[PDB]
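Below is one structure, written out as structure tokens; the observations come after it.
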Amino acid sequence: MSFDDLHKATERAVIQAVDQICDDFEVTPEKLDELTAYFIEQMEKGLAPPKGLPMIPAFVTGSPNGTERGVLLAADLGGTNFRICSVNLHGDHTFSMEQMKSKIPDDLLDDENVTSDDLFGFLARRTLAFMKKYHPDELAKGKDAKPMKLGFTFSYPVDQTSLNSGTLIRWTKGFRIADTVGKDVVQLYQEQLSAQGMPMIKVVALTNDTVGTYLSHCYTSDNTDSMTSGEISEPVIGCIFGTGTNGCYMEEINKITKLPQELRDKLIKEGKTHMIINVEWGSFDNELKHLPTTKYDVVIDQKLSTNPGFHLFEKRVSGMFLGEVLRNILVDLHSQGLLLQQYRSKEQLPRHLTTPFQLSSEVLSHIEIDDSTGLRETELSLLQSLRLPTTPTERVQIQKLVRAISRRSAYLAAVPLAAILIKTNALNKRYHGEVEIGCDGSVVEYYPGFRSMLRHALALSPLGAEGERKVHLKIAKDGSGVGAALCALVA
């Protein structure tokens, strides 16, 4: 056929093939029902003694009201940095901030055999510099003063035998230091704090970023938590979607069959009815019994991934992998002759479409909501910020693919929220019963319309579109810094 005839036939075939890839990417409401039911099943398997889900009790039996008073501290430590924050709760749904971001120490931790004393003394040194800098209010009263409660955000593998008690099991995503496999991390931090000179500091909390997100959403609840006035709604889920994904919710105390009955009765004999469970829902259905999977998901999880087959739901939802899936689809369609069709072979393609993760997520951000830009002006430009240029008929299908990837990730992200809301139902305060779930992270906050698709999925779930609209949801953003302080408050 003619060059023009072949071009037209090729464009029609690209229509076909891209629609077929989309069909292979779709999430049906039937699959939604299947996934949420299996998630309820994994939840109930998990928190009973032996496994369904890594549902780790966070040992928090109280939620902030947004009416709270006082000033508290918060320490967080990871491979990223070390941070000492200080929060002054104004007494309304507001607060005031102070903080020092002590950079991760330059190579006292690079797989050298260093003491817990070295690392935790660096932590306490930065805490002492903090106290000296912004207030020696009770630091000048170094012998004794009115104490200060602070929460610790130690985002490492930890065995939290209770609140303000953690027994570190390993340094993963960090580097191995000597003989901390049995130490209590809150105890080490407290020892180093009382050893530099502040004995006023009490380390009374230990939680990770998701429990902090939940507590930071309890505070600052849009005037829907101060009283049963206007909207009558309470927050029941904290969660982070983005580079990673996880969530936490409050479960009945006597429904956590895992914890021994001693602690359960000792809590219920108090005013204590519920406790926060940090559902590790990252790495959900790793066995892939129900979790949808395509070819590109396999080729990325196996070859290009650092966790070969461990956090599968994370990888299907994370913001890093969206652009990666798009890149693999593009390289596929090219090497099979349908797209970018005058780069005569692979390794003639631009340097970023060939190499692994060079297709970032802001690309999909710009592409997904392309307005009628006189047919893909900002989209062409931004997709062309990486070295490859494109044509209109190709850009239409590339937008199709990007939107399909995003919709799948959003519906999957909605599955666990729906399963939690339907396990602990939102229809128990029979009248005006409403529930808001607060969210942090990259994808959920800044990806265009990822919340609209979350809502559409929650409507298409066995959470009924009839009942989805008693759940409105928005963002609570600081969990390592404000959430730790609030976990110290409710300690």
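If you scan the range 102-149, which residues turn out to be charged (D, E, K, R) and closer than 17 Å to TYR189 by Cα?
Pass one, the range 102-149, residues charged (D, E, K, R): 103, 106-107, 110-112, 117-118, 125-126, 132-133, 137-138, 141, 143-144, 146, 149.
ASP117, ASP118, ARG125, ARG126, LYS149, listed by residue number.
If a residue has to be among the acidic types (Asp, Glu) and more than 18 Å from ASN278 (Cα to Cα) to count, how many in the range 449-491 make the cut?
In the first step, residues of the range 449-491 are kept if they are among the acidic types (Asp, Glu); the result is 466, 468, 478.
From what is left, the residues that are more than 18 Å from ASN278 (Cα to Cα) are 466, 468.
Summing the residues that are among the acidic types (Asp, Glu) and more than 18 Å from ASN278 (Cα to Cα) in the range 449-491 gives 2.
Please find, within the range 301-315, the residue that is nearest to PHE450 (Cα to Cα) out of those that are crowded, with 19+ Cβ neighbours inside 10 Å and out of contact with any strand residue (DSSP E or B) (no Cβ under 9 Å at 6 or more places or on another chain). Can you show your working first?
If we filter the range 301-315 for residues that are crowded, with 19+ Cβ neighbours inside 10 Å, which is where we start, we get 301, 311-315.
From the residues that got through so far, the ones that are out of contact with any strand residue (DSSP E or B) (no Cβ under 9 Å at 6 or more places or on another chain) too are 301, 312, 315.
Working: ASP301: 23, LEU312: 20, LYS315: 16 Å.
Among those residues, the one meeting the criterion is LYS315.
Quick one: which of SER381, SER409 is touching a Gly at 6+ places or on another chain (Cβ under 9 Å), in a helix (DSSP H, G or I), of a type in the set (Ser, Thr, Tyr) and not assigned by CATH to the domain that holds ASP24?
On the way: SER381 fails: touching a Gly at 6+ places or on another chain (Cβ under 9 Å).
Step by step, each of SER381, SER409 is checked, and only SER409 is touching a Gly at 6+ places or on another chain (Cβ under 9 Å), in a helix (DSSP H, G or I), of a type in the set (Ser, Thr, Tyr) and not assigned by CATH to the domain that holds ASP24.
Report, by residue number, each residue of the range 204-217 that is outside any loop (DSSP other than H, G, I, E, B) and surrounded by 24 or more Cβ atoms within 10 Å (Cβ to Cβ).
Restricting attention to the range 204-217, the residues satisfying the condition of being outside any loop (DSSP other than H, G, I, E, B) are 204-206, 209-217.
Correct list: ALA205, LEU206, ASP209, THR210, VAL211, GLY212, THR213, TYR214, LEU215, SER216, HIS217.
Kindly indicate whether any position in the range 35-44 is out of contact with any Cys (no Cβ under 6 Å at 6 or more places or on another chain), more than 25 Å from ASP209 (Cα to Cα) and aromatic (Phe, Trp, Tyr).
Yes.
Taking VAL402 and the conditions (1) out of contact with any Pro (no Cβ under 6 Å at 6 or more places or on another chain); (2) surrounded by fewer than 14 Cβ atoms within 10 Å (Cβ to Cβ), which numbered condition does it fall short on, given that it satisfies the others?
(2)
Kindly indicate the residue of the range 1-57 that is polar (S, T, N, Q) and part of a helix (DSSP H, G or I) and also farthest from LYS258 (Cα to Cα) among those meeting that condition.
By that ranking, first place goes to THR10.
Keeping to the range 176-186, report how many residues are surrounded by fewer than 16 Cβ atoms within 10 Å (Cβ to Cβ) and either among the charged types (D, E, K, R) or more than 27 Å from the chain's Cα centre (by Cα) (or both).
Here is the first cut: in the range 176-186, the residues surrounded by fewer than 16 Cβ atoms within 10 Å (Cβ to Cβ) are 176, 178-179, 181-183.
Next, only the ones that are either among the charged types (D, E, K, R) or more than 27 Å from the chain's Cα centre (by Cα) (or both) stay: 176, 178-179, 182-183.
Of the residues in the range 176-186, 5 are surrounded by fewer than 16 Cβ atoms within 10 Å (Cβ to Cβ) and either among the charged types (D, E, K, R) or more than 27 Å from the chain's Cα centre (by Cα) (or both).
Could you tell me how many of the residues in the range 72-108 are hydrophobic (A, V, I, L, M, F, W, C), surrounded by fewer than 21 Cβ atoms within 10 Å (Cβ to Cβ) and within 21 Å of the chain's Cα centre (by Cα)?
Summing the residues that are hydrophobic (A, V, I, L, M, F, W, C), surrounded by fewer than 21 Cβ atoms within 10 Å (Cβ to Cβ) and within 21 Å of the chain's Cα centre (by Cα) in the range 72-108 gives 1.
Restricting to the range 24-51, name every residue that is aromatic (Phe, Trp, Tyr) and either surrounded by fewer than 18 Cβ atoms within 10 Å (Cβ to Cβ) or within 17 Å of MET453 (Cα to Cα) (or both).
Here is the first cut: in the range 24-51, the residues aromatic (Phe, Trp, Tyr) are 25, 38-39.
Passing the criteria: only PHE25.
Test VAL471 against the criterion of being touching a strand residue (DSSP E or B) at 6+ places or on another chain (Cβ under 6 Å), among the aliphatic types (A, V, I, L, M) and over 16 Å from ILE240 (Cα atoms), and give yes or no.
On the way: touching a strand residue (DSSP E or B) at 6+ places or on another chain (Cβ under 6 Å): yes; among the aliphatic types (A, V, I, L, M): yes; over 16 Å from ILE240 (Cα atoms): yes.
For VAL471, the condition - touching a strand residue (DSSP E or B) at 6+ places or on another chain (Cβ under 6 Å), among the aliphatic types (A, V, I, L, M) and over 16 Å from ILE240 (Cα atoms) - is met.
Is it fair to say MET250 is part of a loop (DSSP other than H, G, I, E, B), hydrophobic (A, V, I, L, M, F, W, C), under 19 Å from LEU473 (Cα atoms) and not assigned by CATH to the domain that holds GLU30?
Values: part of a loop (DSSP other than H, G, I, E, B): no; hydrophobic (A, V, I, L, M, F, W, C): yes; under 19 Å from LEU473 (Cα atoms): yes; not assigned by CATH to the domain that holds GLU30: yes.
It is false that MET250 is part of a loop (DSSP other than H, G, I, E, B), hydrophobic (A, V, I, L, M, F, W, C), under 19 Å from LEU473 (Cα atoms) and not assigned by CATH to the domain that holds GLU30.
Would you confirm whether or not the range 472-489 contains a residue that is farther than 30 Å from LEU150 by Cβ and charged (D, E, K, R)? First the steps, then the outcome.
Within the range 472-489, the subset farther than 30 Å from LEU150 by Cβ is 472.
Narrowing the set further to residues that are charged (D, E, K, R) leaves none.
No: zero hits.
Can you work out which of the residues in the range 229-241 that are closer than 24 Å to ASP92 by Cα and not aliphatic (A, V, I, L, M) is surrounded by the most Cβ atoms within 10 Å (Cβ to Cβ)? I'd like the intermediate steps shown before the answer.
Quick first cut of the range 229-241, residues closer than 24 Å to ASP92 by Cα only: 229-239.
If we keep only those that are not aliphatic (A, V, I, L, M) as well, we get 229-231, 233-235, 238-239.
Values: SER229: 8, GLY230: 11, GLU231: 14, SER233: 21, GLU234: 17, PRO235: 24, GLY238: 30, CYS239: 27.
Applying the filter and picking the extreme gives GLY238.
Does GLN384 satisfy the criteria of being buried (at least 18 other Cβ atoms within 10 Å of the Cβ), more than 19 Å from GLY319 (Cα to Cα) and not basic (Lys, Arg)? Write out each step before concluding.
Values: buried (at least 18 other Cβ atoms within 10 Å of the Cβ): no; more than 19 Å from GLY319 (Cα to Cα): yes; not basic (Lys, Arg): yes.
Judged against the criteria, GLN384 is not a match.
Which of the residues spanning the range 10-22 are surrounded by 12 or more Cβ atoms within 10 Å (Cβ to Cβ) and out of contact with any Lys or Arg (no Cβ under 8 Å at 6 or more places or on another chain)?
Filtering the range 10-22 down to residues surrounded by 12 or more Cβ atoms within 10 Å (Cβ to Cβ) leaves 10-11, 13-15, 17-19, 21-22.
Matches in the range 10-22: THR10, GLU11, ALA13, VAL14, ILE15, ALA17, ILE21.
Given the conditions (1) crowded, with 16+ Cβ neighbours inside 10 Å; (2) assigned by CATH to the domain that holds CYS239, and given that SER226 satisfies all but one, which numbered condition is not satisfied?
Answer for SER226: the failing condition is (1).
Please state which one of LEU288, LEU339 is in the same structural domain as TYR249 (by CATH) and surrounded by 19 or more Cβ atoms within 10 Å (Cβ to Cβ).
Values: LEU288 fails: surrounded by 19 or more Cβ atoms within 10 Å (Cβ to Cβ).
After ruling out the rest, the residue left standing is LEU339.
Just give me the residues in the range 235-265 being in contact with a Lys or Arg (Cβ under 9 Å, 6 or more places away or on another chain) and among the charged types (D, E, K, R), in sequence order.
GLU251
Can you list the helices (runs of 4 or more DSSP H) found entirely within the range 253-340 that contain at least 1 residues being over 23 Å from the mean Cα position of the chain (by Cα)? So that I can check it myself, show each step before the final result.
Details: elements: 261-268, 295-299, 312-317, 319-335.
Counting at least 1 such residues, we get 261-268, 295-299, 319-335.
Note down all Cβ pairs under 8 Å where the first residue falls in the range 328-351 and is farther than 15 Å from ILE21 by Cβ, the second is assigned to a loop (DSSP other than H, G, I, E, B) and among the charged types (D, E, K, R), and they're at least six residues apart or on different chains.
These pairs meet every condition: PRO350/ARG387; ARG351/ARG387.
Please note: Cβ atoms are built from the backbone with ideal geometry, for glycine as well, and neighbour counts cover all protein chains shown. Basis: the model, the stated rules and, where named, an outside source; no laboratory instrument gave them.
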